[PDB]
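>>> how does the following fold in three dimensions:
(one chain, ligands or ions: 1)
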Amino acid sequence: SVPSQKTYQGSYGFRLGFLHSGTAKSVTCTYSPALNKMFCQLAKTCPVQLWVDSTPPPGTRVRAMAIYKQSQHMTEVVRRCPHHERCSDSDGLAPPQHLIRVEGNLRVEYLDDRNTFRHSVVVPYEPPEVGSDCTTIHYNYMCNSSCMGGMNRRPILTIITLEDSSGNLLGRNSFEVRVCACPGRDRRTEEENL
Ligand SMILES: [Zn+2]
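Residues are numbered from 1 along each chain as shown. Coordinates below:
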């Protein structure tokens, strides 16, 4: 089937935020508010912020999953291409087929859905620090959008879900993603078409 991608702030006022990085040649990750699209480099740190109005109960978890944006590819599971799947970039935690990984969190958990076969990565939800207003999760995309045999130029969306310790849905948000070599340039160019 196909995972829901409907925005749902829920009772905790769950929202996503991103760094305002700009489009200079040096940027490794930059978000476009106009396109609700993230442009980032392969395996590089991609900061995604979790903003809430109320602190979720203990045991709450955060899940990330990718799905193809185009309706004619939506049913196809998003996974790494043969090359990167076989490439030796393993961190010892993430399965080799998974596109999305989380770095700097030893409590990260990966899942191959037994029924839908969709891949996803989840971490415990942690309240914002003192003086801090949001929680930051560092994601890494282990395949380029252009990868032959993988996404193969097909656009993807990343769906972030907030769930309780039992898996019940608490909140949902999403954004488009493009993994490329020059995020800044690519973002600036796609926004010109506006
Ligand atoms: Zn690849």
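
>>> could you use CA atoms for every contact and neighbour count after this?
Noted.

>>> how far away is residue 82 from residue 91?
Distance, residue 82 to residue 91, by CA to CA, to the nearest Å: 18 Å.

>>> okay, these two: which has more neighbours?
Taking other CA atoms under 10 Å, residue 82 and residue 91 do not tie; residue 82 has more neighbours (14 against 10).

>>> the more buried one reaches residue 152, doesn't it?
No. The pair residue 82 / residue 152 is not scored as a contact, 11.9 Å apart, by CA atoms under 8 Å.

>>> nearest the middle, which residue of the chain would you pick?
What sits nearest the mean C-alpha location of the chain, by CA atoms, centre = their mean, is residue 158, with 4.4 Å.

>>> quick check: which element contains it?
Using DSSP states H and E, residue 158 falls within strand 156-163.

>>> what's the first helix or strand after that strand?
Sequence order places strand 169-179 as the next helix or strand after strand 156-163, per DSSP H and E.

>>> list the contacts of whichever residue of the chain sits closest to the ion.
Residue nearest to the ion within the chain: residue 143 (4.0 Å; CA to the ion). By CA atoms under 8 Å, 6 or more residues apart in numbering, the contact set of residue 143 is 42, 43, 80, 81, 84, 99, 150, 179.

>>> ok, it to residue 153 distance?
Residue 143 is 11 Å from residue 153, where distance means CA to CA.

>>> ok, residue 174 next?
Going from residue 174 to residue 153 by CA to CA gives 19 Å.
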